[PDB]
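K.L.:
Sending over a structure as structure tokens; questions will come in a sec.
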Amino acid sequence: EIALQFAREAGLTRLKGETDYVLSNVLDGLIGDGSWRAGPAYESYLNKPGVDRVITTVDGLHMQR
Amino acid sequence: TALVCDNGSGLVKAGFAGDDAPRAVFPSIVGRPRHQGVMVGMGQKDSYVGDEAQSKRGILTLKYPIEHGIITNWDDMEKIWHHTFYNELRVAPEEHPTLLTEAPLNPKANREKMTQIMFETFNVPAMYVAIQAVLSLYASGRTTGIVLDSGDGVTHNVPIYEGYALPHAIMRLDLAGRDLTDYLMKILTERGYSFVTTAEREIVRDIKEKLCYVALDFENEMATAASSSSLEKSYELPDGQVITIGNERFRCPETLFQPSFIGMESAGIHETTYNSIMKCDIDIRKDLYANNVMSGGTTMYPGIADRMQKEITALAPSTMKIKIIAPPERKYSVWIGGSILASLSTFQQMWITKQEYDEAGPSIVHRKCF
Amino acid sequence: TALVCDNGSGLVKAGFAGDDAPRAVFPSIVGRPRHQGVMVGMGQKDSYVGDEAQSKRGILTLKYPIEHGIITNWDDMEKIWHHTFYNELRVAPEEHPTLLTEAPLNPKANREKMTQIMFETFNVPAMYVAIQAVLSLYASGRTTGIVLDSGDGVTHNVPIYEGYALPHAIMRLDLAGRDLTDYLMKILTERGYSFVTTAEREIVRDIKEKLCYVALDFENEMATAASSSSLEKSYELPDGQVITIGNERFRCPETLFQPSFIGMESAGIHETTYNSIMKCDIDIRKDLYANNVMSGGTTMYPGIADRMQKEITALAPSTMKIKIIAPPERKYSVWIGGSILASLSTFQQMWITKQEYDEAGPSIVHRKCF
Amino acid sequence: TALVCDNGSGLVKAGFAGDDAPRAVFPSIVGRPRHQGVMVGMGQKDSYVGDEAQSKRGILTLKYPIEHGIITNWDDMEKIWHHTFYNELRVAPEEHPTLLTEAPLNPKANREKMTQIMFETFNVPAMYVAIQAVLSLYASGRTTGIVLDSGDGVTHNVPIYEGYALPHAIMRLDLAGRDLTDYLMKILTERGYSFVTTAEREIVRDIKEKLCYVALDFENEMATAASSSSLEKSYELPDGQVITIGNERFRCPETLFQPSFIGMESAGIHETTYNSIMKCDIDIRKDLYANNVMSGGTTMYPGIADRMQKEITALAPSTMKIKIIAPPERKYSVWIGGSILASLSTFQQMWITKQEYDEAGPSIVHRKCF
Amino acid sequence: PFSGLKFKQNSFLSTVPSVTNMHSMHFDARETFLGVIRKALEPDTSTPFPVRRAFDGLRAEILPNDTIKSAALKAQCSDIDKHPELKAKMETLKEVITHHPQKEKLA
Ligand SMILES: Nc1ncnc2c1ncn2[C@@H]1O[C@H](COP(=O)(O)OP(=O)(O)O)[C@@H](O)[C@H]1O
Ligand SMILES: Nc1ncnc2c1ncn2[C@@H]1O[C@H](COP(=O)(O)OP(=O)(O)O)[C@@H](O)[C@H]1O
Ligand SMILES: Nc1ncnc2c1ncn2[C@@H]1O[C@H](COP(=O)(O)OP(=O)(O)O)[C@@H](O)[C@H]1O
Ligand SMILES: [Mg+2]
Ligand SMILES: [Mg+2]
Ligand SMILES: [Mg+2]
């Protein structure tokens, strides 16, 4: 759980399967399935299904177009 | 009949001792008009309290008189108390002893001024200030257990064994619901939803209450939200605009277990409860582990009880049986306990009476109340 | 009794507080002879005011002392006010406190001068200057809503909620009936009709009031007018000549929603109303959407409310309930509200008195009046 | 070498890393003709960017593709960037790493779109998105201090200590120069001056930039202006009209310290800086108090630094030494820091490269940059 | 006497009668022309308020709207030798007129 927080927040697993030998095996020890070699699943904020164009109270004070 | 008023940082739970639930529950807010004029006929009251403030929030600045368990505006607090007695419970305080509550490790002046105001401006025949964790244990029907009480203002742990508190093992954490509301505001801007005003803080609090949940495995939920839209839920704002919220649903409550999310150098509620237990005598730890009692609104997130079990189990020795007690009415458990306490015949001598207040002054509250 | 004088750009609506309608409604015009001589005894009267100027229109040059809700000719405005007091109401102004009106966001000298004249020229015991949108909301009975006021000089909307105005949300467009009158005589030249004098402008105003309407969908109405003669209406000029107008009937009012017709960059009244609402707190928007109240002559076009209903519904989120309130007494709502306001017992202390004026001068108006 | 493009809400500051000042500074505006026709063979275009849009402002509608720090028109942003690279810097973006900037607490889609367009449209070999306040500290040459950056779109505070930011203490107010320009437009109507078009908004911006100043004592200045004309200055409009402006000179920028002027329920910039410091660890507050560094055009008001010194000194304990750092070049300090940052050899491995992008996609920006 | 006094240019052009009406057999040339000059002497709002009030008293006294007042002033000035105050007021106003920025059009 700590190791995956490092991958999530610090890019510990940036190099994917190119991770150096000792780190990879330590990760293999903690994560036996090897799925960590596929980096963390990062979300993308582009083209999100339903997030577009909301106008709050302060936003309503500028309102171009 | 005694009056039981649980003045939390967020909500005023008030009612009568012996009842199954508080008669009046309303926000602990005083609102004042921040806009101009302009019509004469409407009367234009200068200040609003509670539900009236909440409904008119569009044109008010909302102020909480209690910050992290501490009364910070005594004028507004007296407004909230006058509203509780005369407008909500419709009682004459001169006729009822009043049981108040407050979190442990509060400033001592806070206790004294509550006593002074109740006896001097409300002329209660008697009063009492209780500890919310102790009242929650009363409401659980137990005499042993460590209560994790988390409301709007502060989270605190009180370990109790056979009715005896271990005050050296009490843990207090000013990370509570309001800080989670503020954090959600911060991360809601990541999707373009910028809430700023106090009225909009109330909307964000509403979003938190019915969309946020605690993740059992934070990394797993993060991966799920990244790779799918199955965790995304929508919320309609008062003006009809719809916001869609994804991993912010479980990232907001996650702050309770990773206070470094909001820049707080403290351990999460799981490790604080475990640290409280370990500060207790080795011979009572087994019973505390099996009697973790959740209390307060901030413990109402879906999945928080199961997360606390996983977390406390990961810290404790494997042979310990960890049990998290999360009753459905844990939001009112504190008021429920006060209702039980004030009803007991054996408690009827514990009241601070007006005579004792007169001889001793407000300092009597320290001598006669934990 | 208090006099109410709604001194609009186009019309003077004056009367006594407490009455349901103004007593004197006459054009806000001063006409002066522009022709010669030539008979003894028939020219001693220079300048004509109001209805008499409109009847002698054919030999006069007509001038409005108010343009865009702003008094531009104070000598003629004194004549208009002297006519109102002495000839139309038949009152001594020094015996009656006078409530008068103005548009929001006017120049501040406009209020100061009209206070100066009322106290120093007409010797009024007391006076007050109210905002026309606020008076319209008074007339509607409501205390919440966004009024769209559009008369002859200016169109403004004032959002009010529980009697509180949000001044940062006030909108002004210097686009009102007179601009629409001018546009109509511009597009009347397309059919070979030439109206150039001030008298002819008055008759074109008459044509606008009788034949112009707002098309629910402008493009379909243009297609209909282009494909058939069903929308043509005839009008008889004062000399017996008959003019017929087709799509000019709805192209003139369309300028309200498409100000680019007259070269203005401003947004239409529908979009201006929506922008005003969105400038308000997210909490009050739902009530504002349901309480769009129209007032003024320029909102008397047939189909204006339906068009506004449609246009605002297209801009707002689909879950909001848009309601346009267009009382049949729209044209006098402002005067009606002022009649209500001046007769309320709670308003009698808000008058600017002659004594306060003496002590403070004309600037007292900025302190006592919105 | 690397390109540095500090595209804020109001202006584009662009140039090469290592230079002392941006090479290309032009308004962040796209203008389109709002009038008709009419001459063939004229060098007419369907849109104009930057300085050319300002020149032909008279017959155009001017649109800002960025408002309150957020890119709201990505089509117009791409031609702003095409204008920057090809017409203003005369460079091929395909062979220059480009450093971009944005305000803190922006929507995350904003950075991702910026990254996507730079790699996919302009095919830059590498790029980086930095935080404007951090760049301002780079330009000041400090590694400690709380930056108040105020441009046209947003004002934000970023406290930094020994190069460590405290992101929980970052403040952001969507109240900056553009809001002040609109407020000056509003209060100019009090003197009869009307400005409603976008072109006239540019004129009012010019009036604000050279006549408005911050009052040390607002009530004293109000009394001075009310009693005398020593504070009234004149300004000649493009058509030769001369407007005289009195207390509006300091009322416009007073909105920074009293946001309620424009209906914002918010603390002034002085309180926001103090609030930001208090959210920081008690052990670093002293060094933050002495290192308040201003940046951005909206901090170029005369007397603003003195007003901040007075206001923060009144909020902090008397023993602390408040110091406001306002370099004369604080308008370009953000671009200067970007030029410094992009020229460091220690920075060259922090760029997001093209290979990084096409292996990860736009979201890479959130991992690589702040 | 009056410093900082400004006028709205062209404010008086609307006030000029048509030439044909000037030929009317009952045209009041003195009152109509004095009305034009009165309109031209209207202080611009940009004039400081103390000056506006100060001058408006001067032109209101010398160029009143009311015909009764205008006829009253006309008589009092017939024996102006006994009205040194009017002499001073009229001299002050003549000095204002001669410095009026649009004197040429007024002439
Ligand atoms: N169902 C819920 N889910 C998540 N949070 C909740 C829920 N109900 C209440 N809360 C939070 O709990 C807080 C109020 O809890 P409460 O026990 O009333 O605290 P207090 O004793 O300070 O009034 C609020 O800040 C609210 O955000
Ligand atoms: N029935 C009508 N249809 C369309 N326009 C009208 C109608 N009646 C009046 N108007 C317009 O309204 C204007 C007068 O409205 P009013 O509210 O009196 O304005 P004000 O308050 O400035 O006098 C006129 O310019 C006229 O063209
Ligand atoms: N000398 C000045 N005095 C007051 N305001 C100024 C001055 N110069 C620029 N400004 C304001 O600063 C803003 C531009 O600042 P800038 O830092 O370029 O913002 P951005 O980073 O969004 O381009 C403009 O809105 C302008 O009104
Ligand atoms: Mg509680
Ligand atoms: Mg009207
Ligand atoms: Mg900037």
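Shown for chain B, in order and in Swiss-Prot numbering: 8-377.
Heads up, the Cβ atoms here are built off N, Cα and C, so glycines get one too.
As listed in Swiss-Prot for this protein:
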MOD_RES   B:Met46  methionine (R)-sulfoxide
MOD_RES   B:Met49  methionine (R)-sulfoxide
MOD_RES   B:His75  tele-methylhistidine
MOD_RES   B:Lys86  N6-methyllysine
K.L.:
So which of the modified residues is most packed in, judged by how many other Cβ atoms lie within 10 Å of its Cβ, out of B:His75, B:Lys86?
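P.N.:
Output for this query is B:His75.
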K.L.:
For the residue listed as 'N6-methyllysine', which of the modified residues B:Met46, B:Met49, B:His75 has the nearest Cα in space?
P.N.:
B:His75
K.L.:
Which of B:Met46, B:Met49 (the modified residues) has the most other Cβ atoms within 10 Å?
P.N.:
B:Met46
K.L.:
In whole Å, how far is the residue listed as 'tele-methylhistidine' from B:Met46 (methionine (R)-sulfoxide) when you measure between their Cα atoms?
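P.N.:
Distance between the two Cα atoms comes out at 38 Å.
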K.L.:
Given B:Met49 (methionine (R)-sulfoxide) and the residue listed as 'tele-methylhistidine', what distance in Å do their CA atoms have, once rounded to a whole number?
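P.N.:
Pair distance, Cα basis, whole Å: 36 Å.
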